[PDB]
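Enquirer: This is start-v4.pdb, which holds PDB, N, CA and C atoms:
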```pdb
ATOM      1  N   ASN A   1     113.197 140.296 108.906  1.00  0.00           N
ATOM      2  CA  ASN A   1     112.128 140.885 108.088  1.00  0.00           C
ATOM      3  C   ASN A   1     111.225 139.895 107.315  1.00  0.00           C
ATOM      4  N   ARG A   2     111.585 138.614 107.317  1.00  0.00           N
ATOM      5  CA  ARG A   2     110.715 137.579 106.785  1.00  0.00           C
ATOM      6  C   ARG A   2     109.563 137.361 107.765  1.00  0.00           C
ATOM      7  N   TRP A   3     108.430 136.875 107.284  1.00  0.00           N
ATOM      8  CA  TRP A   3     107.288 136.726 108.197  1.00  0.00           C
ATOM      9  C   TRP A   3     107.427 135.495 109.075  1.00  0.00           C
ATOM     10  N   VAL A   4     106.982 135.604 110.323  1.00  0.00           N
ATOM     11  CA  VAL A   4     106.916 134.453 111.208  1.00  0.00           C
ATOM     12  C   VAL A   4     105.530 134.375 111.848  1.00  0.00           C
ATOM     13  N   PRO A   5     104.747 133.354 111.481  1.00  0.00           N
ATOM     14  CA  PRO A   5     103.456 133.192 112.151  1.00  0.00           C
ATOM     15  C   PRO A   5     103.736 132.747 113.572  1.00  0.00           C
ATOM     16  N   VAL A   6     103.169 133.452 114.540  1.00  0.00           N
ATOM     17  CA  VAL A   6     103.310 133.095 115.934  1.00  0.00           C
ATOM     18  C   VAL A   6     101.940 132.814 116.486  1.00  0.00           C
ATOM     19  N   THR A   7     101.733 131.582 116.940  1.00  0.00           N
ATOM     20  CA  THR A   7     100.474 131.240 117.559  1.00  0.00           C
ATOM     21  C   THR A   7     100.661 131.201 119.057  1.00  0.00           C
ATOM     22  N   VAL A   8      99.817 131.944 119.756  1.00  0.00           N
ATOM     23  CA  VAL A   8      99.885 132.042 121.201  1.00  0.00           C
ATOM     24  C   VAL A   8      98.757 131.209 121.827  1.00  0.00           C
ATOM     25  N   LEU A   9      99.129 130.300 122.715  1.00  0.00           N
ATOM     26  CA  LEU A   9      98.187 129.422 123.422  1.00  0.00           C
ATOM     27  C   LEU A   9      97.940 129.970 124.815  1.00  0.00           C
ATOM     28  N   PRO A  10      96.673 130.217 125.178  1.00  0.00           N
ATOM     29  CA  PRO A  10      96.356 130.607 126.548  1.00  0.00           C
ATOM     30  C   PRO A  10      96.337 129.419 127.511  1.00  0.00           C
ATOM     31  N   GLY A  11      97.455 128.733 127.718  1.00  0.00           N
ATOM     32  CA  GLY A  11      97.457 127.650 128.688  1.00  0.00           C
ATOM     33  C   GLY A  11      97.945 126.273 128.250  1.00  0.00           C
ATOM     34  N   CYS A  12      97.393 125.743 127.164  1.00  0.00           N
ATOM     35  CA  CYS A  12      97.738 124.383 126.675  1.00  0.00           C
ATOM     36  C   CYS A  12      97.527 123.294 127.740  1.00  0.00           C
ATOM     37  N   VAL A  13      96.467 123.428 128.532  1.00  0.00           N
ATOM     38  CA  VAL A  13      96.105 122.403 129.498  1.00  0.00           C
ATOM     39  C   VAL A  13      95.548 121.193 128.766  1.00  0.00           C
ATOM     40  N   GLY A  14      96.109 120.025 129.038  1.00  0.00           N
ATOM     41  CA  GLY A  14      95.605 118.817 128.405  1.00  0.00           C
ATOM     42  C   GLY A  14      96.329 118.471 127.122  1.00  0.00           C
ATOM     43  N   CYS A  15      97.322 119.285 126.758  1.00  0.00           N
ATOM     44  CA  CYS A  15      98.130 119.055 125.580  1.00  0.00           C
ATOM     45  C   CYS A  15      98.972 117.799 125.716  1.00  0.00           C
ATOM     46  N   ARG A  16      99.078 117.007 124.657  1.00  0.00           N
ATOM     47  CA  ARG A  16      99.862 115.796 124.733  1.00  0.00           C
ATOM     48  C   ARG A  16     100.942 115.820 123.683  1.00  0.00           C
ATOM     49  N   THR A  17     102.148 115.471 124.098  1.00  0.00           N
ATOM     50  CA  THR A  17     103.270 115.438 123.165  1.00  0.00           C
ATOM     51  C   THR A  17     103.726 114.006 122.960  1.00  0.00           C
ATOM     52  N   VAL A  18     103.793 113.576 121.698  1.00  0.00           N
ATOM     53  CA  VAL A  18     104.194 112.197 121.393  1.00  0.00           C
ATOM     54  C   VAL A  18     105.459 112.176 120.540  1.00  0.00           C
ATOM     55  N   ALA A  19     106.299 111.175 120.802  1.00  0.00           N
ATOM     56  CA  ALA A  19     107.541 110.964 120.067  1.00  0.00           C
ATOM     57  C   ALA A  19     107.268 110.163 118.821  1.00  0.00           C
ATOM     58  N   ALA A  20     106.966 110.850 117.734  1.00  0.00           N
ATOM     59  CA  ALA A  20     106.656 110.181 116.488  1.00  0.00           C
ATOM     60  C   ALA A  20     107.943 110.033 115.684  1.00  0.00           C
ATOM     61  N   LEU A  21     107.884 109.240 114.625  1.00  0.00           N
ATOM     62  CA  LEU A  21     108.959 109.201 113.654  1.00  0.00           C
ATOM     63  C   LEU A  21     108.469 109.855 112.402  1.00  0.00           C
ATOM     64  N   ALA A  22     109.402 110.106 111.493  1.00  0.00           N
ATOM     65  CA  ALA A  22     109.065 110.735 110.227  1.00  0.00           C
ATOM     66  C   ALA A  22     108.264 109.785 109.339  1.00  0.00           C
ATOM     67  N   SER A  23     108.399 108.487 109.583  1.00  0.00           N
ATOM     68  CA  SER A  23     107.692 107.478 108.811  1.00  0.00           C
ATOM     69  C   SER A  23     106.248 107.272 109.257  1.00  0.00           C
ATOM     70  N   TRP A  24     105.864 107.802 110.422  1.00  0.00           N
ATOM     71  CA  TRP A  24     104.464 107.705 110.884  1.00  0.00           C
ATOM     72  C   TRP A  24     103.509 108.397 109.934  1.00  0.00           C
ATOM     73  N   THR A  25     102.298 107.859 109.793  1.00  0.00           N
ATOM     74  CA  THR A  25     101.234 108.608 109.128  1.00  0.00           C
ATOM     75  C   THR A  25     100.347 109.336 110.142  1.00  0.00           C
ATOM     76  N   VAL A  26      99.479 110.228 109.663  1.00  0.00           N
ATOM     77  CA  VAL A  26      98.530 110.908 110.536  1.00  0.00           C
ATOM     78  C   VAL A  26      97.656 109.862 111.246  1.00  0.00           C
ATOM     79  N   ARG A  27      97.310 108.813 110.520  1.00  0.00           N
ATOM     80  CA  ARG A  27      96.568 107.697 111.101  1.00  0.00           C
ATOM     81  C   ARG A  27      97.313 107.054 112.298  1.00  0.00           C
ATOM     82  N   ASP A  28      98.627 106.868 112.163  1.00  0.00           N
ATOM     83  CA  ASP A  28      99.455 106.359 113.260  1.00  0.00           C
ATOM     84  C   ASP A  28      99.388 107.272 114.491  1.00  0.00           C
ATOM     85  N   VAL A  29      99.396 108.585 114.270  1.00  0.00           N
ATOM     86  CA  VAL A  29      99.341 109.498 115.414  1.00  0.00           C
ATOM     87  C   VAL A  29      97.997 109.289 116.112  1.00  0.00           C
ATOM     88  N   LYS A  30      96.935 109.141 115.325  1.00  0.00           N
ATOM     89  CA  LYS A  30      95.619 108.944 115.911  1.00  0.00           C
ATOM     90  C   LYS A  30      95.591 107.628 116.701  1.00  0.00           C
ATOM     91  N   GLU A  31      96.194 106.586 116.124  1.00  0.00           N
ATOM     92  CA  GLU A  31      96.210 105.285 116.794  1.00  0.00           C
ATOM     93  C   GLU A  31      96.952 105.402 118.117  1.00  0.00           C
ATOM     94  N   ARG A  32      98.030 106.186 118.138  1.00  0.00           N
ATOM     95  CA  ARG A  32      98.776 106.338 119.392  1.00  0.00           C
ATOM     96  C   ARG A  32      97.995 107.194 120.387  1.00  0.00           C
ATOM     97  N   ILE A  33      97.231 108.156 119.900  1.00  0.00           N
ATOM     98  CA  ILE A  33      96.419 108.941 120.823  1.00  0.00           C
ATOM     99  C   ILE A  33      95.366 108.046 121.475  1.00  0.00           C
ATOM    100  N   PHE A  34      94.771 107.170 120.670  1.00  0.00           N
ATOM    101  CA  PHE A  34      93.766 106.243 121.192  1.00  0.00           C
ATOM    102  C   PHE A  34      94.385 105.271 122.205  1.00  0.00           C
ATOM    103  N   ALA A  35      95.533 104.675 121.866  1.00  0.00           N
ATOM    104  CA  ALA A  35      96.275 103.837 122.817  1.00  0.00           C
ATOM    105  C   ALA A  35      96.506 104.558 124.134  1.00  0.00           C
ATOM    106  N   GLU A  36      96.834 105.843 124.088  1.00  0.00           N
ATOM    107  CA  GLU A  36      97.183 106.544 125.319  1.00  0.00           C
ATOM    108  C   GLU A  36      96.001 107.080 126.126  1.00  0.00           C
ATOM    109  N   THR A  37      94.867 107.324 125.472  1.00  0.00           N
ATOM    110  CA  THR A  37      93.771 108.085 126.082  1.00  0.00           C
ATOM    111  C   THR A  37      92.395 107.417 125.998  1.00  0.00           C
ATOM    112  N   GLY A  38      92.261 106.408 125.151  1.00  0.00           N
ATOM    113  CA  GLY A  38      90.932 105.865 124.892  1.00  0.00           C
ATOM    114  C   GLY A  38      90.097 106.686 123.912  1.00  0.00           C
ATOM    115  N   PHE A  39      90.575 107.853 123.489  1.00  0.00           N
ATOM    116  CA  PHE A  39      89.781 108.623 122.524  1.00  0.00           C
ATOM    117  C   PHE A  39      89.784 107.924 121.160  1.00  0.00           C
ATOM    118  N   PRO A  40      88.612 107.433 120.723  1.00  0.00           N
ATOM    119  CA  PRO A  40      88.480 106.540 119.559  1.00  0.00           C
ATOM    120  C   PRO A  40      88.983 107.140 118.239  1.00  0.00           C
ATOM    121  N   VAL A  41      89.773 106.362 117.505  1.00  0.00           N
ATOM    122  CA  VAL A  41      90.343 106.848 116.256  1.00  0.00           C
ATOM    123  C   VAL A  41      89.261 107.372 115.312  1.00  0.00           C
ATOM    124  N   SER A  42      88.111 106.691 115.233  1.00  0.00           N
ATOM    125  CA  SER A  42      87.033 107.090 114.317  1.00  0.00           C
ATOM    126  C   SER A  42      86.519 108.507 114.566  1.00  0.00           C
ATOM    127  N   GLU A  43      86.674 108.991 115.789  1.00  0.00           N
ATOM    128  CA  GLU A  43      86.167 110.312 116.156  1.00  0.00           C
ATOM    129  C   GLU A  43      87.255 111.379 116.108  1.00  0.00           C
ATOM    130  N   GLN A  44      88.471 110.983 115.808  1.00  0.00           N
ATOM    131  CA  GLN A  44      89.549 111.947 115.818  1.00  0.00           C
ATOM    132  C   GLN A  44      89.645 112.702 114.506  1.00  0.00           C
ATOM    133  N   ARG A  45      89.603 114.024 114.564  1.00  0.00           N
ATOM    134  CA  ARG A  45      89.879 114.827 113.389  1.00  0.00           C
ATOM    135  C   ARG A  45      91.062 115.733 113.679  1.00  0.00           C
ATOM    136  N   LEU A  46      92.197 115.508 113.016  1.00  0.00           N
ATOM    137  CA  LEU A  46      93.375 116.317 113.320  1.00  0.00           C
ATOM    138  C   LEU A  46      93.522 117.456 112.300  1.00  0.00           C
ATOM    139  N   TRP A  47      93.789 118.648 112.819  1.00  0.00           N
ATOM    140  CA  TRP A  47      93.826 119.860 112.045  1.00  0.00           C
ATOM    141  C   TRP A  47      95.188 120.506 112.168  1.00  0.00           C
ATOM    142  N   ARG A  48      95.654 121.101 111.084  1.00  0.00           N
ATOM    143  CA  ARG A  48      96.903 121.822 111.157  1.00  0.00           C
ATOM    144  C   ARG A  48      96.808 123.097 110.346  1.00  0.00           C
ATOM    145  N   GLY A  49      96.920 124.237 111.018  1.00  0.00           N
ATOM    146  CA  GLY A  49      96.867 125.529 110.336  1.00  0.00           C
ATOM    147  C   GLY A  49      95.551 125.742 109.606  1.00  0.00           C
ATOM    148  N   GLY A  50      94.463 125.271 110.208  1.00  0.00           N
ATOM    149  CA  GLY A  50      93.139 125.498 109.655  1.00  0.00           C
ATOM    150  C   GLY A  50      92.681 124.470 108.634  1.00  0.00           C
ATOM    151  N   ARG A  51      93.525 123.485 108.332  1.00  0.00           N
ATOM    152  CA  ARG A  51      93.176 122.477 107.335  1.00  0.00           C
ATOM    153  C   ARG A  51      93.210 121.084 107.966  1.00  0.00           C
ATOM    154  N   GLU A  52      92.215 120.259 107.651  1.00  0.00           N
ATOM    155  CA  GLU A  52      92.169 118.932 108.213  1.00  0.00           C
ATOM    156  C   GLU A  52      93.189 118.046 107.537  1.00  0.00           C
ATOM    157  N   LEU A  53      93.858 117.238 108.349  1.00  0.00           N
ATOM    158  CA  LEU A  53      94.907 116.325 107.912  1.00  0.00           C
ATOM    159  C   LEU A  53      94.370 114.967 107.509  1.00  0.00           C
ATOM    160  N   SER A  54      94.582 114.584 106.254  1.00  0.00           N
ATOM    161  CA  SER A  54      94.236 113.245 105.814  1.00  0.00           C
ATOM    162  C   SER A  54      95.086 112.176 106.496  1.00  0.00           C
ATOM    163  N   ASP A  55      94.483 111.008 106.693  1.00  0.00           N
ATOM    164  CA  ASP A  55      95.089 109.888 107.413  1.00  0.00           C
ATOM    165  C   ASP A  55      96.399 109.363 106.839  1.00  0.00           C
ATOM    166  N   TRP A  56      96.524 109.453 105.517  1.00  0.00           N
ATOM    167  CA  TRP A  56      97.605 108.768 104.824  1.00  0.00           C
ATOM    168  C   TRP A  56      98.840 109.651 104.699  1.00  0.00           C
ATOM    169  N   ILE A  57      98.714 110.902 105.116  1.00  0.00           N
ATOM    170  CA  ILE A  57      99.809 111.843 105.043  1.00  0.00           C
ATOM    171  C   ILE A  57     100.936 111.444 105.999  1.00  0.00           C
ATOM    172  N   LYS A  58     102.158 111.411 105.472  1.00  0.00           N
ATOM    173  CA  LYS A  58     103.342 111.063 106.232  1.00  0.00           C
ATOM    174  C   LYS A  58     103.723 112.221 107.134  1.00  0.00           C
ATOM    175  N   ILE A  59     103.959 111.939 108.408  1.00  0.00           N
ATOM    176  CA  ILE A  59     104.332 112.968 109.387  1.00  0.00           C
ATOM    177  C   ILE A  59     105.597 113.750 108.962  1.00  0.00           C
ATOM    178  N   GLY A  60     106.562 113.035 108.394  1.00  0.00           N
ATOM    179  CA  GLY A  60     107.813 113.643 107.957  1.00  0.00           C
ATOM    180  C   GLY A  60     107.631 114.589 106.781  1.00  0.00           C
ATOM    181  N   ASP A  61     106.546 114.395 106.043  1.00  0.00           N
ATOM    182  CA  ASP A  61     106.194 115.293 104.949  1.00  0.00           C
ATOM    183  C   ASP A  61     105.678 116.632 105.468  1.00  0.00           C
ATOM    184  N   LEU A  62     105.301 116.685 106.740  1.00  0.00           N
ATOM    185  CA  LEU A  62     104.660 117.882 107.274  1.00  0.00           C
ATOM    186  C   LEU A  62     105.617 118.934 107.867  1.00  0.00           C
ATOM    187  N   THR A  63     106.921 118.668 107.910  1.00  0.00           N
ATOM    188  CA  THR A  63     107.857 119.621 108.529  1.00  0.00           C
ATOM    189  C   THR A  63     108.658 120.444 107.521  1.00  0.00           C
ATOM    190  N   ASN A  64     114.661 120.742 112.464  1.00  0.00           N
ATOM    191  CA  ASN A  64     113.310 120.302 112.143  1.00  0.00           C
ATOM    192  C   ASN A  64     112.268 120.884 113.078  1.00  0.00           C
ATOM    193  N   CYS A  65     111.063 121.049 112.544  1.00  0.00           N
ATOM    194  CA  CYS A  65     109.971 121.726 113.229  1.00  0.00           C
ATOM    195  C   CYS A  65     109.332 120.881 114.318  1.00  0.00           C
ATOM    196  N   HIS A  66     108.783 121.556 115.324  1.00  0.00           N
ATOM    197  CA  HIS A  66     107.961 120.900 116.316  1.00  0.00           C
ATOM    198  C   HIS A  66     106.533 120.933 115.808  1.00  0.00           C
ATOM    199  N   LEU A  67     105.964 119.767 115.563  1.00  0.00           N
ATOM    200  CA  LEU A  67     104.662 119.696 114.916  1.00  0.00           C
ATOM    201  C   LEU A  67     103.488 119.836 115.889  1.00  0.00           C
ATOM    202  N   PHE A  68     102.587 120.789 115.630  1.00  0.00           N
ATOM    203  CA  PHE A  68     101.423 121.007 116.500  1.00  0.00           C
ATOM    204  C   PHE A  68     100.154 120.696 115.739  1.00  0.00           C
ATOM    205  N   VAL A  69      99.345 119.769 116.242  1.00  0.00           N
ATOM    206  CA  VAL A  69      98.081 119.502 115.581  1.00  0.00           C
ATOM    207  C   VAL A  69      96.938 119.707 116.554  1.00  0.00           C
ATOM    208  N   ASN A  70      95.826 120.154 116.025  1.00  0.00           N
ATOM    209  CA  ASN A  70      94.669 120.443 116.836  1.00  0.00           C
ATOM    210  C   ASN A  70      93.639 119.324 116.696  1.00  0.00           C
ATOM    211  N   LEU A  71      93.339 118.633 117.783  1.00  0.00           N
ATOM    212  CA  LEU A  71      92.325 117.585 117.714  1.00  0.00           C
ATOM    213  C   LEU A  71      90.976 118.276 117.868  1.00  0.00           C
ATOM    214  N   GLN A  72      90.125 118.194 116.851  1.00  0.00           N
ATOM    215  CA  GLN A  72      88.852 118.912 116.858  1.00  0.00           C
ATOM    216  C   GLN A  72      87.647 118.020 116.555  1.00  0.00           C
ATOM    217  N   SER A  73      86.489 118.364 117.123  1.00  0.00           N
ATOM    218  CA  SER A  73      85.270 117.532 117.078  1.00  0.00           C
ATOM    219  C   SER A  73      84.624 117.310 115.694  1.00  0.00           C
ATOM    220  N   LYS A  74      83.490 116.601 115.695  1.00  0.00           N
ATOM    221  CA  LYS A  74      82.723 116.317 114.473  1.00  0.00           C
ATOM    222  C   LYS A  74      83.559 115.537 113.474  1.00  0.00           C
TER     223      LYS A  74
END
```
Show this structure as structure tokens.
Expert:
Amino acid sequence: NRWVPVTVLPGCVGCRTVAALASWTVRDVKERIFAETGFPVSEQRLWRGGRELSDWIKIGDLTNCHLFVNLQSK
């Protein structure tokens, strides 16, 4: 009877899963995305639950949960 937000993805084509540590920052995740894909860190905006994630936020502070972030433009 407690609430559970369920987000349904129609496909998740192009989704990338990375093995981060709890000590990583959001900036580290971006750096690893750039290492893996060439997508430039300066253009990366990571979003979680409708709110943009600041670079200095510790990944371990964000959760154990499977962390989903949305890479979005502008």
Enquirer: For the PyMOL selection byres ((chain A and resi 45) around 6.5), applied here, can you spell out every residue it catches as a tab-separated table (two decimals) with N, CA and C atoms, in the coordinates of the input?
Expert:
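Result written to out_0.tsv:
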```tsv
chain	number	residue	atom	x	y	z
A	42	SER	N	88.11	106.69	115.23
A	42	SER	CA	87.03	107.09	114.32
A	42	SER	C	86.52	108.51	114.57
A	43	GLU	N	86.67	108.99	115.79
A	43	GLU	CA	86.17	110.31	116.16
A	43	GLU	C	87.26	111.38	116.11
A	44	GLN	N	88.47	110.98	115.81
A	44	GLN	CA	89.55	111.95	115.82
A	44	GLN	C	89.64	112.70	114.51
A	46	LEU	N	92.20	115.51	113.02
A	46	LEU	CA	93.38	116.32	113.32
A	46	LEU	C	93.52	117.46	112.30
A	47	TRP	N	93.79	118.65	112.82
A	47	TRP	CA	93.83	119.86	112.04
A	47	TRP	C	95.19	120.51	112.17
A	52	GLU	N	92.22	120.26	107.65
A	52	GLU	CA	92.17	118.93	108.21
A	52	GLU	C	93.19	118.05	107.54
A	53	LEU	N	93.86	117.24	108.35
A	53	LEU	CA	94.91	116.32	107.91
A	53	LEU	C	94.37	114.97	107.51
A	70	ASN	N	95.83	120.15	116.02
A	70	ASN	CA	94.67	120.44	116.84
A	70	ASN	C	93.64	119.32	116.70
A	71	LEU	N	93.34	118.63	117.78
A	71	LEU	CA	92.32	117.58	117.71
A	71	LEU	C	90.98	118.28	117.87
A	72	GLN	N	90.12	118.19	116.85
A	72	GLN	CA	88.85	118.91	116.86
A	72	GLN	C	87.65	118.02	116.56
A	73	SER	N	86.49	118.36	117.12
A	73	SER	CA	85.27	117.53	117.08
A	73	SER	C	84.62	117.31	115.69
A	74	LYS	N	83.49	116.60	115.70
A	74	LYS	CA	82.72	116.32	114.47
A	74	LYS	C	83.56	115.54	113.47
```
Enquirer: Which residues in chain A does DSSP call alpha helix (DSSP H)? List them as a VMD selection string.
Expert: chain A and resid 26 to 37
Enquirer: Restricting it to N, CA and C atoms, dump the selection as a tab-separated table (two decimals), in the frame of the given file.
Expert:
```tsv
chain	number	residue	atom	x	y	z
A	26	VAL	N	99.48	110.23	109.66
A	26	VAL	CA	98.53	110.91	110.54
A	26	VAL	C	97.66	109.86	111.25
A	27	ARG	N	97.31	108.81	110.52
A	27	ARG	CA	96.57	107.70	111.10
A	27	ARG	C	97.31	107.05	112.30
A	28	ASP	N	98.63	106.87	112.16
A	28	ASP	CA	99.46	106.36	113.26
A	28	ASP	C	99.39	107.27	114.49
A	29	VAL	N	99.40	108.58	114.27
A	29	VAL	CA	99.34	109.50	115.41
A	29	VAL	C	98.00	109.29	116.11
A	30	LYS	N	96.94	109.14	115.32
A	30	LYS	CA	95.62	108.94	115.91
A	30	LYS	C	95.59	107.63	116.70
A	31	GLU	N	96.19	106.59	116.12
A	31	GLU	CA	96.21	105.28	116.79
A	31	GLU	C	96.95	105.40	118.12
A	32	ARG	N	98.03	106.19	118.14
A	32	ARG	CA	98.78	106.34	119.39
A	32	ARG	C	98.00	107.19	120.39
A	33	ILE	N	97.23	108.16	119.90
A	33	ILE	CA	96.42	108.94	120.82
A	33	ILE	C	95.37	108.05	121.48
A	34	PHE	N	94.77	107.17	120.67
A	34	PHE	CA	93.77	106.24	121.19
A	34	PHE	C	94.38	105.27	122.20
A	35	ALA	N	95.53	104.68	121.87
A	35	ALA	CA	96.28	103.84	122.82
A	35	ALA	C	96.51	104.56	124.13
A	36	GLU	N	96.83	105.84	124.09
A	36	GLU	CA	97.18	106.54	125.32
A	36	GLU	C	96.00	107.08	126.13
A	37	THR	N	94.87	107.32	125.47
A	37	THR	CA	93.77	108.08	126.08
A	37	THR	C	92.40	107.42	126.00
```
Enquirer: For a test of reading the model, state the distance in Å between CA of residue 26 in chain A and CA of residue 2 in chain A, rounded to one decimal.
Expert: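 So the answer is 29.6 Å.
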Enquirer: Among the residues of chain A, find those DSSP assigns to strand (DSSP E) from the backbone and print them as number ranges by chain.
Expert: A: 45-48, 51-52, 70-72
Enquirer: Please, what distance in Å, to one decimal, runs between CA of residue 40 in chain A and atom C of residue 69 in chain A?
Expert: 15.9 Å
Enquirer: Would you compute the distance between CA of residue 56 in chain A and CA of residue 28 in chain A? Give it in Å to one decimal.
Expert: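 Interatomic distance here is 9.0 Å.
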Enquirer: Report as a list in words the residues that result from applying the PyMOL selection byres ((chain A and resi 58) around 8) to the structure here.
Expert: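 This file, filtered by the PyMOL selection byres ((chain A and resi 58) around 8), leaves residues 21, 22, 23, 24, 25, 26, 27, 54, 55, 56, 57, 59, 60, 61, 62 and 63 of chain A.
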Enquirer: May I have the centre and edge lengths, in Å to one decimal, of an axis-aligned box around the listed atoms of range 31-49 of chain A with 6 Å added to every side, as lines of an AutoDock Vina configuration file?
Expert:
```
center_x = 92.5
center_y = 114.8
center_z = 117.9
size_x = 24.6
size_y = 33.9
size_z = 28.5
```
Enquirer: Determine the nearest neighbour of residue 37 in chain A from the options A:5, A:50, A:11, A:16, counting only C-alpha atoms.
Expert: A:16
Enquirer: Give me range 9-27 of chain A with N, CA, C and O atoms filled in, as a short mmCIF file (atom, residue, chain, number, x, y, z; two decimals), keeping the file's coordinate frame.
Expert:
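That gives us out27.cif:
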```cif
data_model
loop_
_atom_site.label_atom_id
_atom_site.label_comp_id
_atom_site.auth_asym_id
_atom_site.auth_seq_id
_atom_site.Cartn_x
_atom_site.Cartn_y
_atom_site.Cartn_z
N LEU A 9 99.13 130.30 122.72
CA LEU A 9 98.19 129.42 123.42
C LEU A 9 97.94 129.97 124.82
O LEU A 9 98.89 130.13 125.57
N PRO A 10 96.67 130.22 125.18
CA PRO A 10 96.36 130.61 126.55
C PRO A 10 96.34 129.42 127.51
O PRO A 10 95.29 129.11 128.06
N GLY A 11 97.46 128.73 127.72
CA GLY A 11 97.46 127.65 128.69
C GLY A 11 97.94 126.27 128.25
O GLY A 11 98.80 125.68 128.91
N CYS A 12 97.39 125.74 127.16
CA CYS A 12 97.74 124.38 126.68
C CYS A 12 97.53 123.29 127.74
O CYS A 12 98.31 122.34 127.83
N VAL A 13 96.47 123.43 128.53
CA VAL A 13 96.10 122.40 129.50
C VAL A 13 95.55 121.19 128.77
O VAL A 13 94.64 121.32 127.94
N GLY A 14 96.11 120.02 129.04
CA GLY A 14 95.60 118.82 128.40
C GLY A 14 96.33 118.47 127.12
O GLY A 14 95.99 117.48 126.47
N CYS A 15 97.32 119.28 126.76
CA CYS A 15 98.13 119.06 125.58
C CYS A 15 98.97 117.80 125.72
O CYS A 15 99.53 117.56 126.77
N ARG A 16 99.08 117.01 124.66
CA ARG A 16 99.86 115.80 124.73
C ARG A 16 100.94 115.82 123.68
O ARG A 16 100.71 116.18 122.52
N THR A 17 102.15 115.47 124.10
CA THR A 17 103.27 115.44 123.16
C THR A 17 103.73 114.01 122.96
O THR A 17 103.97 113.29 123.95
N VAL A 18 103.79 113.58 121.70
CA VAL A 18 104.19 112.20 121.39
C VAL A 18 105.46 112.18 120.54
O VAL A 18 105.69 113.08 119.72
N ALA A 19 106.30 111.18 120.80
CA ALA A 19 107.54 110.96 120.07
C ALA A 19 107.27 110.16 118.82
O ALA A 19 107.32 108.93 118.85
N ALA A 20 106.97 110.85 117.73
CA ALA A 20 106.66 110.18 116.49
C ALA A 20 107.94 110.03 115.68
O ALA A 20 108.97 110.62 116.03
N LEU A 21 107.88 109.24 114.62
CA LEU A 21 108.96 109.20 113.65
C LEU A 21 108.47 109.86 112.40
O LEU A 21 107.26 110.11 112.25
N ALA A 22 109.40 110.11 111.49
CA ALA A 22 109.06 110.74 110.23
C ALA A 22 108.26 109.78 109.34
O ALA A 22 107.54 110.23 108.46
N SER A 23 108.40 108.49 109.58
CA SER A 23 107.69 107.48 108.81
C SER A 23 106.25 107.27 109.26
O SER A 23 105.49 106.61 108.55
N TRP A 24 105.86 107.80 110.42
CA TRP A 24 104.46 107.70 110.88
C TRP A 24 103.51 108.40 109.93
O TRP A 24 103.86 109.42 109.34
N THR A 25 102.30 107.86 109.79
CA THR A 25 101.23 108.61 109.13
C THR A 25 100.35 109.34 110.14
O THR A 25 100.43 109.07 111.34
N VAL A 26 99.48 110.23 109.66
CA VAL A 26 98.53 110.91 110.54
C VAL A 26 97.66 109.86 111.25
O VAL A 26 97.33 109.99 112.43
N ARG A 27 97.31 108.81 110.52
CA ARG A 27 96.57 107.70 111.10
C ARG A 27 97.31 107.05 112.30
O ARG A 27 96.70 106.76 113.33
#
```
